[PDB]
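Chemist: take a look and give me a structure for this.
(2 chains)
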Amino acid sequence: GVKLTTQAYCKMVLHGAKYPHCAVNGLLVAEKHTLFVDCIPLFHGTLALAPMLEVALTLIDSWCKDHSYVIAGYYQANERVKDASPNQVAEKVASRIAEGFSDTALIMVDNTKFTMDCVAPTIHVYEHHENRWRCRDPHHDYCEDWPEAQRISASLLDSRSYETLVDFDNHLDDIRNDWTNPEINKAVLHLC
Amino acid sequence: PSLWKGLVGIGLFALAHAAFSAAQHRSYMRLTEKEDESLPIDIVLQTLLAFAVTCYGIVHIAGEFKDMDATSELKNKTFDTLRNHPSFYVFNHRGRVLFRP
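Modeler: Numbering: from 1, shown residues only, chains lettered A, B, ... in the order given. What follows is the structure:
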């Protein structure tokens, strides 16, 4: 029972398109069948480094608890086309975030199905049971409004909004780049 | 600015004109054969002023200095660039599948 908003999917596609050649990751925050109300990206390329992940998670927790949300999911898109299984980094990060709330489950953007319109749900949701991480049913419905997610992702990609998208790494480069990226949020609101 | 370049040109032109004047004045002596043995004040003043302006322009034309501290131009090099390694590029990423094949 994992539920994420359409804006979460459009953010997924936006971050995948921003750095197509580099594996990316990040978190998804929700309020306390969980509904992932919002998302946040962080870093790309090298992902096995600990200090950035720790500082990130701390900042995510601070920002979310200041505004009543709590981090409740982890996403990671791998670099290789033929790769769809979680690595050590994703598994340990998902295990650590799931220590707080058991409803937290991992999601991975399967880059094999990544297309212009996102014809099929690219994200695959993995649950932790029996101390093991395994994928859910692919035939399950993932986004709340699949045609809406398709159209908004297509419009955002065709509008060249992926270049304007900013993740946590750009915030690290310069704080002047807003890591909360409300620009994509207002674009989503205008499109909807 | 680029006008500096233009400036130096006129300076050389001025110097060139001085040469002509000097040549003519030499002909003067070669037709007067008097105990003058002195250049006109106008030509020497013009030559010196042309030299001054041309050298001042040339100093600008030489270019701009570069700082010795190696961390000057490397300050703006974010980590998103140094990691690319152009020789070791891999084309098995989501870019090809996502974009038009």
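Chemist: contacts and neighbour counts: CA atoms only from here.
Modeler: Fine.
Chemist: can you name the residue of chain B nearest chain A?
Modeler: residue B:98 (4.1 Å; Cα to the nearest Cα).
Chemist: wait, what's in contact with the closest residue to that residue other than its chain neighbours?
Modeler: Using Cα to Cα, 6 or more residues apart in numbering or on different chains and skipping the chain neighbours, the partner closest in space to residue B:98 is residue A:115 (4.1 Å). Residue A:115 sits next to B:97-99 when contact means Cα atoms under 8 Å, 6 or more residues apart in numbering or on different chains.
Chemist: tell me who's in contact with the residue nearest to residue A:42 when sequence neighbours are not counted.
Modeler: Spatial nearest neighbour of residue A:42, excluding adjacent residues (Cα to Cα, 6+ apart): residue A:168 at 4.4 Å. Counting by Cα under 8 Å, 6+ apart, residue A:168 touches A:40-43, A:56, A:179.
Chemist: the helix ranked longest in chain A close to chain B?
Modeler: Counting residues, the longest helix found in chain A (DSSP state H) is helix A:50-66. No - Helix A:50-66 is not in contact with chain B by Cα under 8 Å from any Cα of the partner chain; minimum separation 13.1 Å.
Chemist: and that helix, what other elements does it pack with?
Modeler: On a contact count with 3 or more Cα pairs under 8 Å, 6 or more residues apart in numbering or on different chains; DSSP states H and E, helix A:50-66 meets strand A:69-77.
Chemist: one step back: how close does the residue nearest to residue A:42 sit to chain B?
Modeler: Distance from residue A:168 to chain B, counting by Cα to the nearest Cα, to the nearest Å: 13 Å.
Chemist: check residue A:42 too.
Modeler: For residue A:42, the distance to chain B - Cα to the nearest Cα - is 13 Å.
Chemist: can you check residue A:59 too?
Modeler: 21 Å.
Chemist: count the residues that sit near that residue.
Modeler: Under the neighbour criterion other Cα atoms under 10 Å in any protein chain shown, residue A:59 is assigned a count of 12.
Chemist: residues contacting it?
Modeler: Going by Cα under 8 Å, 6+ apart, residue A:59 touches no other residue.
Chemist: and residue B:78, by the same measure?
Modeler: Counting by Cα under 8 Å, 6+ apart, residue B:78 touches residue A:173.
Chemist: ok, now residue A:12?
Modeler: Residue A:12 sits in contact with residue A:109, where contact means Cα under 8 Å, 6+ apart.
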